[PDB]
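Residue numbers start from 1 in every chain, and the chains themselves are labelled A, B, ... in the order their sequence lines are given, proteins ahead of strands.
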Amino acid sequence: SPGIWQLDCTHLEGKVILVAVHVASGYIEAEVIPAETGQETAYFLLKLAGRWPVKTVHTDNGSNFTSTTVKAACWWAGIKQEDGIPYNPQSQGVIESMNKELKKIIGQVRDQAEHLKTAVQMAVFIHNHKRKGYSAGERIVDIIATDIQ
Amino acid sequence: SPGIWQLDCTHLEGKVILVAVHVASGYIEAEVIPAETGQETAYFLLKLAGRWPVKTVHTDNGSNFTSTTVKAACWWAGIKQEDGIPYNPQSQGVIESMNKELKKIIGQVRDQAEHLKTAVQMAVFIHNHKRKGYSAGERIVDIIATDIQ
Amino acid sequence: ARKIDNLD
Amino acid sequence: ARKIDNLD
Ligand SMILES: [Cl-]
Ligand SMILES: [Cl-]
């Protein structure tokens, strides 16, 4: 549980926002890329795994599951790569709702930033700090520290 | 001290590696950019602060301390922007040693990657996972969780 | 540009 | 290219 993450890919302004969700806390990291390719996905996962103890990634679609470049990054960084089949149909709803929430935040900030990448990082910041009272940023640190101890 | 970070900028291959160090743990985040500008610095700090609870950043030089764009990102993200004067002369030697270690790691991986940005992220991963015994990634999570509790 | 990422 | 970031 502390090492499980889910990839998620959503679109805005003709670009692609790639998101990794720490399943047990709801914490996220995200980036803006021109298109989702195996090479962009692989680099994003190398970055994530040098920052958090990533044990498993549920890929966002079959092409990133299949991609030998994505598998090569998961090998390099010690990540178990898995599919993202929603055996719990609850997952489908959680992702869709998260995407709708991020797009709403992005719209509320969009005019403070010239570039979409700035607005997406402002939305990562707001989502991780939001108290729902603990934040997702507090939950992920508590969960992993509990696991280290 | 759980919220205190230090910026650091080093050069390799005609490019700039910008690094944020969590001073109490030694944990790092890093990116490759073509040149250090206040806009690039500001974006990097906005990314960092959406991911960890950044209270204070000691800037790496006077230009990023002065930069109104860097101050605007520190305002947006709720960061106190401070100078990086090594009133403790130990700071100066710790950064130099860190940069030398990162460059050594980058050379040990350099030939597994086409692009420098991949080698830099492999070096972040190796640095943060290295047990010295706990890793910097373990220390930063323990420090902040202890603070939250 | 009167934006956070472009103060001009 | 036989590299982790460029398998070709
Ligand atoms: Cl695409
Ligand atoms: Cl420069």
Side-chain angles (χ1 to χ4, degrees), chain A residues 2-3 20 22 27-32 39-40 42-54 69 72-73 75-79 102 105 109 112-115 117-130 134-149, chain B residues 2-3 20 22 27-32 39-40 42-54 69 72-73 75-79 102 105 109 112-115 117-130 134-149:
Chain A
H22 186 256
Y27 169 93
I28 67 177
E29 298 234 355
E31 59 171 21
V32 180
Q39 183 156 345
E40 295 285 1
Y43 179 67
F44 178 67
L45 294 173
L46 175 59
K47 293 193 291 173
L48 180 70
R51 290 150 176 73
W52 290 101
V54 177
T69 310
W75 166 77
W76 195 96
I79 295 166
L102 288 184
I105 296 153
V109 303
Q112 295 174 51
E114 167 176 356
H115 299 104
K117 62 176 179 173
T118 294
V120 161
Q121 303 302 330
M122 279 177 173
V124 172
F125 178 109
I126 283 160
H127 171 85
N128 289 336
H129 287 256
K130 182 84 173 310
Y134 285 68
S135 60
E138 301 176 312
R139 291 193 289 273
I140 181 171
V141 173
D142 174 61
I143 287 162
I144 297 168
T146 299
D147 194 59
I148 291 161
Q149 312 333 343
Chain B
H22 187 254
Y27 168 94
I28 70 174
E29 297 235 0
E31 59 172 24
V32 180
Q39 285 167 301
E40 295 279 14
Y43 180 64
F44 182 65
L45 292 176
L46 174 58
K47 297 189 290 169
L48 181 72
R51 288 148 176 75
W52 292 99
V54 176
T69 309
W75 165 80
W76 195 95
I79 297 165
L102 283 179
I105 300 156
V109 305
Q112 295 178 48
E114 175 179 359
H115 301 106
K117 70 199 278 210
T118 295
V120 166
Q121 299 307 326
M122 284 177 167
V124 166
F125 177 108
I126 284 160
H127 174 84
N128 285 337
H129 280 77
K130 184 107 163 323
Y134 294 72
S135 60
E138 296 174 320
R139 287 193 294 274
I140 185 168
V141 169
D142 177 52
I143 289 158
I144 293 172
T146 298
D147 192 71
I148 288 170
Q149 275 34 314

- Task: Using ring-ring contact (aromatic ring centres under 6.0 Å, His included) as the criterion, list what pairs up with A/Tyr43, not counting sequence neighbours.
- Result: none
Contacting region of [X] [heavy-atom separation from chain B under 4.5 Å]:
X        : answer
A/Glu31  : neither
A/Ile126 : side chain
A/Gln39  : side chain

- Among B/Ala77, B/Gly50, B/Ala42, residue most engaged with chain A (heavy-atom pairs, under 4.5 Å):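 Highest number of pairs under 4.5 Å: B/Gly50.
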Is any side-chain heavy atom of [Y] closer than 4.5 Å to one of [X]?
X        : Y        : result
A/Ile28  : A/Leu102 : yes
A/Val124 : A/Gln121 : yes
A/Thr118 : B/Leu46  : yes

- Message: Please classify the contact between B/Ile144 and chain A as side chain, backbone, both or neither, with a heavy-atom cut-off of under 4.5 Å.
- Response: both
- Item | Segment of B/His115 engaging chain A (4.5 angstrom heavy-atom cut-off) | side chain
- Would you call A/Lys47-A/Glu29 a salt bridge at under 4.0 Å N-O? no
- Out of A/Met122, A/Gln149, A/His129, A/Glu138, which one racks up the most heavy-atom pairs below 4.5 Å with chain B? A/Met122
- Select, from A/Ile148, A/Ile140, A/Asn128, A/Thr146, the one with the greatest count of heavy-atom pairs under 4.5 Å involving chain B. A/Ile148
- Of all the heavy-atom pairs spanning B/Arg139 and B/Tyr134, show the shortest one and how long it is.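 For B/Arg139 and B/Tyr134, the tightest heavy-atom pair comes out as NH1-O, 3.0 Å.
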